[PDB]
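1. fold the stuff below for me.
(6 chains, ligands or ions: 6)
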Amino acid sequence: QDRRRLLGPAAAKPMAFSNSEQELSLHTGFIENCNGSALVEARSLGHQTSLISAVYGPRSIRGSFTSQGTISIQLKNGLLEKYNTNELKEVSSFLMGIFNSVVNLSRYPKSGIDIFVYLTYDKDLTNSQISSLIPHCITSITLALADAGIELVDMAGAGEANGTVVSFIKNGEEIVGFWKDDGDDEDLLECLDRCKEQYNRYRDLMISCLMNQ
Amino acid sequence: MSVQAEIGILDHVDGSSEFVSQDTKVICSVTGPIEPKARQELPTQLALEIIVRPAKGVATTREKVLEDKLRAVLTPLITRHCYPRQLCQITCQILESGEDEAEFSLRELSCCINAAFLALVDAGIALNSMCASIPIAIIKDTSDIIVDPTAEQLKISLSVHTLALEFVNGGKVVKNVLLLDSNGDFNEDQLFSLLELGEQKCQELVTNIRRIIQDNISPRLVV
Amino acid sequence: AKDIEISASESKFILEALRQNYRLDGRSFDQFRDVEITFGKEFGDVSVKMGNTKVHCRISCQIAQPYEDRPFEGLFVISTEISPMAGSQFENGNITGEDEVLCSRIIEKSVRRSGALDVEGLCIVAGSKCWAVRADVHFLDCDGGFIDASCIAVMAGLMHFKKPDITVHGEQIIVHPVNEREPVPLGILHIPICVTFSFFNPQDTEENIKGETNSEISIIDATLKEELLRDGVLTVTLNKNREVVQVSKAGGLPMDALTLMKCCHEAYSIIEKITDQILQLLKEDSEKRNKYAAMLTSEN
Amino acid sequence: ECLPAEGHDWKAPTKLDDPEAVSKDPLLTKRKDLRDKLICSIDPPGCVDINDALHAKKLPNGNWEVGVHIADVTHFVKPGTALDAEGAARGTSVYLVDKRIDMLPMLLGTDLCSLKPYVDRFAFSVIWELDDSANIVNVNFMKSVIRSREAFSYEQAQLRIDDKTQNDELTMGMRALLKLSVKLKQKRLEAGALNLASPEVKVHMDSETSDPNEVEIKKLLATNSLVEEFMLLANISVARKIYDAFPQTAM
Amino acid sequence: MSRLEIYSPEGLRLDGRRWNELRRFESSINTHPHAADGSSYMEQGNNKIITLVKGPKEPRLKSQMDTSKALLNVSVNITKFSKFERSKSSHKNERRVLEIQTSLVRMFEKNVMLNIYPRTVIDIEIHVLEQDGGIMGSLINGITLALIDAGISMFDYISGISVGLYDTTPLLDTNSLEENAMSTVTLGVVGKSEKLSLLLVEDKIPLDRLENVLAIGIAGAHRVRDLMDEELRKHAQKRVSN
RNA sequence: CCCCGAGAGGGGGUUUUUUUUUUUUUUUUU
Ligand SMILES: [Br-]
Ligand SMILES: [Br-]
Ligand SMILES: [Br-]
Ligand SMILES: [Br-]
Ligand SMILES: [Br-]
Ligand SMILES: [Mg+2]
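-> Numbering: from 1, shown residues only, chains lettered A, B, ... in the order given. Ligands and ions are numbered 1, 2, ... in the order given. Now the structure:
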């Protein structure tokens, strides 16, 4: 099959089988390989998620010259739940826009800050699901950047409510990103309030993690 | 140990050779020292580009391991500090496995080591010393140690071994053991009995190689 | 990549020699290099040599399942990966370069597409199990003519190769080893042979586009030096049945149509001699293996 | 319309190097000349469509030269034409006591291609060199031009062989054919050849009245075994040659 | 074995054309002024081709720069909706496409005066919107027109044409149905000459028929040159008169 | 060679894909 991997025999076919509000866990700086890293685990109802973020930078960019730094974000599929490459790219773009509003790029001329988020373990226990993972990604990237020592304007956090994801800064006064799939009609005000509550809780736990730990 | 080799068979390469042991035939080529790619450049030493091509099909991860082990042998052999920021391309084209490639890569690796060494000699690249490699195997019932085993012997083996030693002083002094690749079930007593008999047959091989090298190269030189 | 530096003196000399009916190797403009074919111990092992040009081909096969679209046809692939062994001009694994893709496509259209191999006879059980024949070409030493050398290497290999005999019990495939019963040869519908022409413009471009009398020089089977100084290439493939298998003049120096036709007729005389040559070397190889089989049984 | 423009007055060129003849037929240079050979055809009484023709000479090295000559139909029927189309469609000509539905037009099958006696005819010849024990030493295939000495009948040929009054070069060759026929038939049966039988009756229609009145039986003469053995020999050698040349599409 | 009348006894083809008639040939110059220095929209039969010439301009990488000539690049985009049956995979890295791109470059390297544009790059982007036989010949005509529109110097026109061989009957300008039923020959003729820039035969052709097929193609390609030249002078007069 | 300066100074000459009307005796000459 592939000349770079061992994928086994081709006639083989994969095994198909027959028939509080949120619980968080935060850890930072456990990857010596990079500059900043974070572990974010969430458990709620019939879905738990364990994702790992890793920040590599600021490192060299050998092309032209830039007064500010350049951020790149890449999401990788984990072991269990898989997602479309397109969908992972879309979230990556959405995350790039968010942290280009938070990261003090002016302090890193001709430098690159490459942020990796590994969707290691995403279990679906219900015996576009990507929308519920987005706030946890932002939490991991924020923790990793702060752990790396990359300057941030403010602790960026987010929340999710009925397929709507919105990330806040400045005590929830302003918005650094808005995401909406499916959901209902004229439910904007309700989503903003519910997400700001999650944003506030996540921000408190993040600060608590960056300080005490 | 009735191997047969030829030197300087390729025209558009700085050095080449063709080593044959039983059914295992490998042709090797060496170009260097030459201009290296930027990603290959080493500020002080020589950069080695080592390529192994299989007898059947295209190069896979299997040959990637053959390249890696062959690198462990050739690297300390070459006086690399003589060629800073420079490149030496080393290509091995295995022409005939001489073994079940689906199970073993023993004879192909040893033949590649011997051929690469010969190609380096032909190319006139600074070497710290000489080298010889032999394949060894241990049979099931008899548990005898067979040097240079056949393909049929490998099928009924309990362990397979690749031994490559570094020789100096006219091929009499074992400077070091460049590579020992032991795979399968074996005990400590078997290991040293292997190393003792292996060193003997290796020393015999160097002597034979020294003969081949002088027989081919001397007509080129002047008296 | 790594370039071959050609001085103005060398460029002017080789071209001027052509203007005086001289080529460095001493051949003629219409002269094809002597092709030497050596068979190994195993079937499908063939070594082709044209002057300094050295290529080696190895034919192999393994049990596989046919595509859904073609349940009656077996699998057949041709590999021609270049390596720095043929020269440092070639990048290791460069399978997208202009010359590489062309060569890869010429061979494919000459052997695969042309149906030189009977892929229908590669089927063991329809839509389930079949043979997967593989032709691996190894470019050892390059002195031009890699296409012509490969086409001969592949064809000589396919005609020399023999696959293990198979008896079928429903879907249970009984693969007889060479020790039990003898192996079975492959089915060859026709024998395609490539002949490559190299074109040289002794004058300038203006006299090629608007010049009255044509003066472009064409030589058969160019060496490396002649190959690096040509202005156009033509690869024509024929067989003893007096038919054109494929023709490929992918751009290059504009050439007169009648001259290209002349090349096709000149190539036909070469492919005839080459085909008969291959057949003879195959017979003698068969006679050699049988004579040893008789001397092995008599001593047994 | 695919038939020659000459018609029934078609003729093989006297010289095989004649400028006009070579201009029309550039393949004529490959045509061998066996008009010096003593060719004869052994076929039933009312046979006008002759396919085969035989001859035999004794080479100076003691061996025999046997030549089986078959009608060169290919020279007249070309692929793509309507003549070839109808020829393939019919597949074979049917044989009845009443009539005879030909596969090819009368002008072609019962005149031009037909290896008639006393005339120059194109033919595809197969020549063997074999010993007295009918063992093939070598075999050559070649398109040629011949001239049949005489078109014998099976009864007429047998009488000419047996009478021992006629010892001309032709009859001496005919006996040589029969002698080699016995050898070839012997070896073949020893090799495991079958000898089935179904000699159907021949309706002897009353040639004095109209309706059929008599039913007799056809007798197998030694000349029938003569022709049969050499026809088989021709088919075998050709089969080996065409399969060696076209291993995948050999008829 | 074809059950359709590829060439009826009345000398008529499946589309109505006779043996020596070109398809509907409609050229179009300066179609994308804001996207390229030169552009052409080709309609040869049901074939629809957009051709863009971008340059001569600065190379994006100084590593790839020639101080003696311009760098000529050609990328052919055969869209997934070019045929009746939509192709699932892309053709961008297909070996067949790489050969086509390479072929086109090797054709115009000896026609476009690259020597008078040193240290520059000429990028040729092609989009095949619809395909119906003789796509190679249409690709050639599209590049020639677009290059001229860009004001890039060249020695002469290069006209492309395809000729099929149904048994013994030559068929000028083949469509998809005819190409599936017979072997075809693609020609690339320079100007009004007999010189071929491109000779492409991918299927079996008798050696005796090849010369006659070439003769038909060259004659047909000359007509393509005239149509290209005609439409170009027409556009020239409409622009120079303002 | 080209640009610059009242005084032979300086700057440059570019880096795998449009392929499927299915039926009951050997051999030879007809
Ligand atoms: Br695997
Ligand atoms: Br099939
Ligand atoms: Br040379
Ligand atoms: Br009639
Ligand atoms: Br007569
Ligand atoms: Mg007869």
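2. every contact and neighbour count from this point should use C-alpha atoms.
-> OK.
3. assign the nearest residue to residue C:102 once chain neighbours are set aside to helix, strand or coil.
-> Once flanking residues are discounted, residue C:102 sits nearest to residue E:99: 6.0 Å by CA to CA, 6 or more residues apart in numbering or on different chains. Secondary structure, DSSP: H, G, I helix; E, B strand; the rest coil: residue E:99 is helix.
4. burial measure for residue E:99, as a count.
-> 23 (other CA atoms under 10 Å in any protein chain shown).
5. pull out the buried residues from stretch B:25-43.
-> Across stretch B:25-43, burial judged by 16 or more other CA atoms under 10 Å in any protein chain shown covers B:25-33, B:36, B:41-42.
6. does it come close to RNA strand F?
-> No. Remark: stretch B:25-43 sits outside contact range of RNA strand F, by CA under 7 Å from any atom of the strand, the gap being at least 13.7 Å.
7. how long is that stretch end to end?
-> End-to-end distance for stretch B:25-43, by CA to CA, to the nearest Å: 36 Å.
8. ok, stretch D:98-108 next?
-> Termini of stretch D:98-108 sit 21 Å apart (CA to CA).
9. now the strands for chain B?
-> B:4-7, B:15-21, B:24-34, B:46-53, B:86-96, B:130-139, B:145-147, B:157-168, B:173-184 (DSSP state E).
10. tell me which of those sits nearest to residue C:15.
-> Proximity to residue C:15 (CA to CA) singles out strand B:24-34 among these, at 29.6 Å.
11. can you name the residues in contact with the closest one?
-> Strand B:24-34 is contacted by residues B:10, B:13-20, B:83, B:86-99, B:107-108, B:111-112, B:115-116, B:119-120, B:123, B:125, C:85, C:88 when judged by CA atoms under 8 Å, 6 or more residues apart in numbering or on different chains.
12. strands paired with that strand, and their directions?
-> When pairing is defined by DSSP bridges, strand B:24-34 lines up against strand B:15-21 (antiparallel), strand B:86-96 (antiparallel).
13. tell me the angle it makes with strand B:46-53.
-> Here strand B:24-34 points in a direction 150 degrees away from that of strand B:46-53 (axes from the mean of the first three to the mean of the last three CA atoms, to 10 degrees).
14. give the contact list for residue C:60.
-> For residue C:60, the contact set (CA under 8 Å, 6+ apart) comprises B:56, C:44, C:133-135.
15. closest one of those residues to chain A?
-> residue B:56 (13.3 Å; CA to the nearest CA).
16. now the closest one: phi and psi?
-> Backbone torsions for residue B:56, taken as degrees, to the nearest 10, come to phi -130, psi 140.
17. does residue C:166 touch residue C:176 like I think?
-> Yes. Using CA atoms under 8 Å, residue C:166 makes contact with residue C:176 at a distance of 5.9 Å.
18. next, whatever residue of the stretch 1-150 of chain D ends up closest to ligand 6: phi, psi?
-> Nearest residue of the stretch 1-150 of chain D to ligand 6 (CA to the ion) works out as residue D:52 at 4.1 Å. Dihedral pair for residue D:52: phi -110, psi 160, per degrees, to the nearest 10.
19. what segments of chain A are strands?
-> A:23-28, A:36-44, A:47-60, A:70-77, A:111-124, A:157-161, A:164-169, A:174-180.
20. next: chain E.
-> Along chain E, counting by DSSP E, strands occupy E:25-26, E:38-44, E:47-57, E:71-78, E:121-130, E:158-166, E:169-172, E:183-190, E:195-201, E:205-206.
21. wait, a helix at residue C:61?
-> No. Secondary structure of residue C:61 (three-state DSSP): strand, not part of a helix.
22. how far away is the closest residue to it other than its chain neighbours from residue D:91?
-> Once flanking residues are discounted, residue C:61 sits nearest to residue C:133: 4.4 Å by CA to CA, 6+ apart. For residue C:133, the distance to residue D:91 equals 38 Å [CA to CA].
23. who has more neighbours out of the two?
-> residue C:133 (24 against 10).
24. now do the SS call for the more buried one.
-> On the basis of three-state DSSP, residue C:133 is classed as strand.
25. isn't it right up against residue C:64?
-> No. Using CA under 8 Å, residue C:133 is not in contact with residue C:64; the gap is 9.7 Å.
26. who touches both of those two?
-> Joint contacts of residue C:133 and residue C:64 (CA under 8 Å, 6+ apart) are residue C:75.
27. coming back round to it: out of the strands of chain B, which gets nearest to residue C:117?
-> Among these, strand B:86-96 comes nearest to residue C:117, with 23.7 Å by CA to CA.
28. quick one, what contacts residue C:37?
-> By CA under 8 Å, 6+ apart, the neighbours of residue C:37 are C:46-49, C:278, C:281.
29. closest point of the stretch 151-251 of chain D to ligand 2, which residue?
-> Residue nearest to ligand 2 within the stretch 151-251 of chain D: residue D:248 (17.6 Å; CA to the ion).
30. wasn't that residue part of a strand?
-> No. According to three-state DSSP, residue D:248 belongs to no strand; its state is coil.
31. how about stretch D:75-90: buried residues?
-> So stretch D:75-90, judged by 16+ other CA under 10 Å, has buried residues D:77, D:83-84, D:87.
32. take the residues you listed and lay them out in JSON lines including secondary structure and distance to residue A:58.
-> Listed next are the buried residues of stretch D:75-90 as JSON lines, based on DSSP: H, G, I helix; E, B strand; the rest coil; distance: CA to CA, whole Å:
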{"residue": "D:77", "secondary structure": "coil", "distance to residue A:58": "85"}
{"residue": "D:83", "secondary structure": "helix", "distance to residue A:58": "85"}
{"residue": "D:84", "secondary structure": "helix", "distance to residue A:58": "83"}
{"residue": "D:87", "secondary structure": "helix", "distance to residue A:58": "85"}
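33. for those residues, give me a markdown table that also has distance to ligand 4.
-> Converted to a markdown table, the buried residues of stretch D:75-90 look like this (distance: CA to the ion, whole Å):
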| residue | distance to ligand 4 |
| --- | --- |
| D:77 | 14 |
| D:83 | 11 |
| D:84 | 14 |
| D:87 | 12 |
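34. between those residues, which is nearest ligand 1?
-> residue D:84 (56.2 Å).
35. so which residue is dead centre in the chain?
-> I'll assume chain A. By CA atoms, centre = their mean, chain A has its centre lying nearest to residue A:137, at 1.6 Å.
36. what separation is there between the residue in chain A positioned nearest to ligand 5 and chain C?
-> Distance from ligand 5 to each residue of chain A (CA to the ion) is smallest for residue A:11, at 73.3 Å. In this structure, residue A:11 and chain C are 8 Å apart, going by CA to the nearest CA, to the nearest Å.
37. which residue packs closest to that residue, ignoring adjacent ones?
-> Once flanking residues are discounted, residue A:11 sits nearest to residue C:65: 7.9 Å by CA to CA, 6+ apart.
38. surely the one you found meets residue C:127?
-> Yes. Contact criterion CA under 8 Å: residue C:65 and residue C:127 qualify, at 7.2 Å.
39. which one's more surrounded, the two?
-> Higher neighbour count among residue C:65 and residue C:127: residue C:65, with 22 against 17, using other CA under 10 Å.
40. dump the residue contacts of the more buried one.
-> A:11, C:74, C:127-131.
41. any of those buried? List them.
-> For the contacts of residue C:65, buried by 16+ other CA under 10 Å: C:74, C:127, C:129-131.
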